[PDB]
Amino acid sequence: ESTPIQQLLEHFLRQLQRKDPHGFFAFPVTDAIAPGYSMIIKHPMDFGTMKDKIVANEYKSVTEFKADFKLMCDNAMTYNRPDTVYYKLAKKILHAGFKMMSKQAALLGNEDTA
């Protein structure tokens, strides 16, 4: 009883979460472990929240899903300093994670891999 967009975003979410083996983006960030986050980050986002929107069919497109992934990465680079594991990890997986999802859609339009 699954949905085509569900199965595709479960695949994408799996691929990206492998680039965070310690789960720094697995759960919503709380002020207990990040003082002031509630006040500096107006729209928080995490891998766990994206999974719930997948399960609840709240994504109508791949673009909506990519916006939540970028916002989660952008939040981590706003609230944290550049010399932090959170900034470095969020910078690497944001980029590596966009190309990864772009090269999989791109091979369907290329004459050699279609």
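In this text, residue numbers run from 1 along the sequence as written. Here the rigid core means the biggest group of C-alpha atoms that line up within 1.5 Å when the two forms are laid on top of each other.
Averaged over structures and residues, the CA distance from the shown form in 9 other deposited structures of this protein after a core fit is larger for 93-101, of the two stretches 93-101 and 10-18.
Sort the chain's modelled residues by C-alpha temperature factor and residue 55 lands in the middle third, per the entry. In this PDB entry, the Cα temperature factor of residue 103 sits in the bottom third of its chain's modelled residues, the lowest group. Among the modelled residues of its chain, residue 61 has a C-alpha B-factor that falls in the middle third according to the deposited record.
Among the modelled residues of its chain, residue 69 has a C-alpha B-factor that falls in the lowest third according to the deposited record. Looking at the C-alpha B-factors along this chain, the one for residue 37 belongs to the highest third.
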